[PDB]
Amino acid sequence: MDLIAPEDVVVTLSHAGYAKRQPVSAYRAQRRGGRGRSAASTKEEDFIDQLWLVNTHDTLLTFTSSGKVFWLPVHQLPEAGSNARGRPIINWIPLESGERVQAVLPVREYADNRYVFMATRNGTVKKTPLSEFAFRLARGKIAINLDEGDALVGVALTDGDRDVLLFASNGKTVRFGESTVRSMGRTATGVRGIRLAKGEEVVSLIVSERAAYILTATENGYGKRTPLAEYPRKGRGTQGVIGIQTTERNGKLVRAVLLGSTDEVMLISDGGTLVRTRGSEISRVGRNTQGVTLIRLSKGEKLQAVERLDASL
C-alpha cells in the first residue's frame, strides 16, 4: 500500500549537550537496553537525558538563563544513530558568558489556549500565550524581563488547566492553578509566585493536573518519591509548605521533578559519579520528611543534578 505520512523522529539531547534526530523506527529497532535494576558509572561518559518524539517540521523553543528564547528547527539537527554524537545544541544558541540553556520545548504550532509558563530564581512567575512566540529571529527574543540578579529557572508548556508547583532550596513548595496568573507579553516581568526565605531560591518548576509521584533530591544525596496528591493547594505568593525537609543531614534541595510511571532517573554528582535506576525503584515516603539515601557521596562530593528519561512511547 502507498502510505504517505512522514515518519516521526526522535530528538535527543545528551547530558553534555549534543543534539541528534533519528527516525523513530530506527530508534526502536536499535534499542538494546539490557542494563538492570540500577547502574553506576565512574567514566563520566555522556548519556542522553532528554528525548522527544516529534515531527521533522517541528521547532525546539529554547530558553535561556537570561530570559531569552531561540528557535531551533528540528530539521536542522543532524541525523544520526546511537553511535554518533550529533551537534552541540549551543551551535544554535548564542550564549553570553555564564548564561545557560534552561529549557527546550518542542512546538508544532503556536496555537492559542496554549501557554509558556516561566519560573524565575527569585520566586517570580509568568504566563505568556504561545502565539507570542510565533515569529522566529536568529538572534533571539526577550521571553521575560528579569530583575537584576534574577535568572530564568523553569519553563513549561501548559493548556490553561494545569496546577503549578514551585520548589525552593529550603524545600518549601507552593501549588496553585495556572488560571491564577493572567496572560502577559514576552516583555513583561511577571508576578509573585513563592515568597522566598532569605538567601534561598526557586529550584524547580513542576506543571501537573488540577488537585504520579514527585521526586525530590537533596545536595547530600538524600531524597524520595511522594505522590502528587499529597501536595496540597498552597497559595501563590505564600511561603509554601514543606515539600521535603532540608535538614543539616540533607542539605539544600537540588531538584524536584514529576516522574512518569516508567521513567528512568539519573543522579549526577559533582565528581562525575552517575547512578541510573527506574523511578519505581525509589522509596516512597510522605512530603514532610527527610527521605532516604539514594546516592552515597564521598568527602566534598555533592549531588549536582537529577535527570529523568522516558524512553517508552
# chains A, B, ... in the order shown; residues from 1 in each chain; ligands from 1
$ residues_around --residues "residue 273 of chain A" --least-positions-apart "6" --cutoff "9 Å" --atoms "only C-alpha atoms" --output "PyMOL selection string"
chain A and resi 40-44+267+297+303
$ write_last_selection --atoms "C-alpha atoms" --output "compact mmCIF listing (two decimals), in the first residue's frame"
# COMPACT_ATOMS: atom_id res chain seq x y z
CA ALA A 40 26.60 3.23 38.43
CA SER A 41 29.34 4.79 36.35
CA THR A 42 32.59 6.47 37.07
CA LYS A 43 33.61 7.00 33.42
CA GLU A 44 31.90 10.37 33.01
CA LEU A 267 21.66 11.22 39.66
CA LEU A 297 28.73 10.59 48.27
CA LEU A 303 24.64 15.76 44.09
$ residues_around --residues "residue 57 of chain A" --least-positions-apart "3" --cutoff "12 Å" --atoms "only C-alpha atoms" --output "JSON, numbers by chain"
{"A": [6, 7, 8, 9, 21, 53, 54, 60, 72, 73, 74, 75, 76, 77, 106, 107, 108, 109]}
$ residues_around --residues "residue 198 of chain A" --least-positions-apart "3" --cutoff "12 Å" --atoms "only C-alpha atoms" --output "CSV table (one decimal) with N, CA, C and O atoms, in the first residue's frame"
chain,number,residue,atom,x,y,z
A,122,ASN,N,14.1,34.0,41.7
A,122,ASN,CA,13.7,34.8,42.8
A,122,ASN,C,12.2,34.6,43.2
A,122,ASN,O,11.7,35.3,44.1
A,123,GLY,N,11.6,33.7,42.6
A,123,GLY,CA,10.2,33.4,43.1
A,123,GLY,C,9.1,34.0,42.2
A,123,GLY,O,7.9,33.9,42.5
A,168,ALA,N,11.6,25.6,46.3
A,168,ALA,CA,12.7,26.4,46.7
A,168,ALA,C,13.8,25.5,47.3
A,168,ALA,O,13.5,24.3,47.7
A,169,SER,N,15.0,26.0,47.4
A,169,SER,CA,16.2,25.3,48.0
A,169,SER,C,16.1,24.9,49.5
A,169,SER,O,16.8,24.0,49.9
A,170,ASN,N,15.2,25.5,50.3
A,170,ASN,CA,14.9,25.0,51.6
A,170,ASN,C,13.8,24.0,51.7
A,170,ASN,O,13.2,23.7,52.7
A,195,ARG,N,7.0,33.3,48.1
A,195,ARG,CA,7.8,34.2,48.9
A,195,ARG,C,8.9,33.4,49.5
A,195,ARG,O,8.8,32.5,50.3
A,201,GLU,N,16.3,30.2,47.0
A,201,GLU,CA,15.9,30.4,45.6
A,201,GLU,C,15.0,29.4,45.1
A,201,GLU,O,14.9,28.3,45.7
A,202,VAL,N,14.3,29.6,44.0
A,202,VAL,CA,13.5,28.6,43.3
A,202,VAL,C,14.4,27.7,42.6
A,202,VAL,O,15.3,28.1,41.9
A,239,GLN,N,4.5,31.5,51.4
A,239,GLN,CA,5.8,30.9,51.7
A,239,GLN,C,5.9,29.4,51.4
A,239,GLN,O,7.0,28.8,51.5
$ closest_residue --among "A:238, A:30, A:12, A:220" --to "residue 166 of chain A" --atoms "only C-alpha atoms"
A:238
$ residues_around --residues "residue 154 of chain A" --least-positions-apart "6" --cutoff "6 Å" --atoms "only C-alpha atoms" --output "PyMOL selection string"
chain A and resi 118-119+205
$ write_last_selection --atoms "N, CA, C and O atoms" --output "CSV table (one decimal), in the first residue's frame"
chain,number,residue,atom,x,y,z
A,118,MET,N,6.6,30.3,33.0
A,118,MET,CA,8.0,30.6,33.3
A,118,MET,C,8.2,30.8,34.8
A,118,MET,O,7.3,31.4,35.4
A,119,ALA,N,9.3,30.2,35.3
A,119,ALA,CA,9.6,30.5,36.7
A,119,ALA,C,11.0,30.9,36.9
A,119,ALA,O,12.0,30.4,36.3
A,205,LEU,N,10.4,24.1,38.7
A,205,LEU,CA,9.0,24.3,38.3
A,205,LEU,C,8.5,22.9,38.0
A,205,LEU,O,9.1,22.1,37.2
$ closest_atom_pairs --of "segment 8-93 of chain A" --to "segment 102-105 of chain A" --cutoff "9 Å" --atoms "only C-alpha atoms" --output "CSV"
residue,atom,partner,partner_atom,distance
A:59,CA,A:105,CA,8.2
A:60,CA,A:105,CA,5.4
A:61,CA,A:105,CA,4.8
A:62,CA,A:104,CA,4.5
A:63,CA,A:103,CA,5.1
A:64,CA,A:102,CA,5.3
A:65,CA,A:102,CA,6.0
$ closest_atom_pairs --of "segment 98-167 of chain A" --to "segment 171-193 of chain A" --cutoff "9 Å" --atoms "only C-alpha atoms" --output "JSON lines"
{"residue": "A:115", "atom": "CA", "partner": "A:183", "partner_atom": "CA", "distance": 8.3}
{"residue": "A:117", "atom": "CA", "partner": "A:178", "partner_atom": "CA", "distance": 8.4}
{"residue": "A:118", "atom": "CA", "partner": "A:190", "partner_atom": "CA", "distance": 8.7}
{"residue": "A:119", "atom": "CA", "partner": "A:193", "partner_atom": "CA", "distance": 8.0}
{"residue": "A:120", "atom": "CA", "partner": "A:193", "partner_atom": "CA", "distance": 8.8}
{"residue": "A:122", "atom": "CA", "partner": "A:193", "partner_atom": "CA", "distance": 8.9}
{"residue": "A:123", "atom": "CA", "partner": "A:193", "partner_atom": "CA", "distance": 5.3}
{"residue": "A:124", "atom": "CA", "partner": "A:193", "partner_atom": "CA", "distance": 5.0}
{"residue": "A:125", "atom": "CA", "partner": "A:190", "partner_atom": "CA", "distance": 5.4}
{"residue": "A:126", "atom": "CA", "partner": "A:190", "partner_atom": "CA", "distance": 4.4}
{"residue": "A:127", "atom": "CA", "partner": "A:183", "partner_atom": "CA", "distance": 5.1}
{"residue": "A:128", "atom": "CA", "partner": "A:184", "partner_atom": "CA", "distance": 5.3}
{"residue": "A:129", "atom": "CA", "partner": "A:183", "partner_atom": "CA", "distance": 6.6}
{"residue": "A:132", "atom": "CA", "partner": "A:186", "partner_atom": "CA", "distance": 7.0}
{"residue": "A:133", "atom": "CA", "partner": "A:186", "partner_atom": "CA", "distance": 8.3}
{"residue": "A:141", "atom": "CA", "partner": "A:186", "partner_atom": "CA", "distance": 8.3}
{"residue": "A:142", "atom": "CA", "partner": "A:186", "partner_atom": "CA", "distance": 6.0}
{"residue": "A:143", "atom": "CA", "partner": "A:186", "partner_atom": "CA", "distance": 4.6}
{"residue": "A:144", "atom": "CA", "partner": "A:186", "partner_atom": "CA", "distance": 5.3}
{"residue": "A:145", "atom": "CA", "partner": "A:189", "partner_atom": "CA", "distance": 4.8}
{"residue": "A:146", "atom": "CA", "partner": "A:189", "partner_atom": "CA", "distance": 6.1}
{"residue": "A:147", "atom": "CA", "partner": "A:189", "partner_atom": "CA", "distance": 7.6}
{"residue": "A:158", "atom": "CA", "partner": "A:178", "partner_atom": "CA", "distance": 8.3}
{"residue": "A:160", "atom": "CA", "partner": "A:178", "partner_atom": "CA", "distance": 6.2}
{"residue": "A:161", "atom": "CA", "partner": "A:178", "partner_atom": "CA", "distance": 6.6}
{"residue": "A:162", "atom": "CA", "partner": "A:178", "partner_atom": "CA", "distance": 5.6}
{"residue": "A:163", "atom": "CA", "partner": "A:177", "partner_atom": "CA", "distance": 4.4}
{"residue": "A:164", "atom": "CA", "partner": "A:176", "partner_atom": "CA", "distance": 5.5}
{"residue": "A:165", "atom": "CA", "partner": "A:175", "partner_atom": "CA", "distance": 4.4}
{"residue": "A:166", "atom": "CA", "partner": "A:173", "partner_atom": "CA", "distance": 5.3}
{"residue": "A:167", "atom": "CA", "partner": "A:173", "partner_atom": "CA", "distance": 4.6}
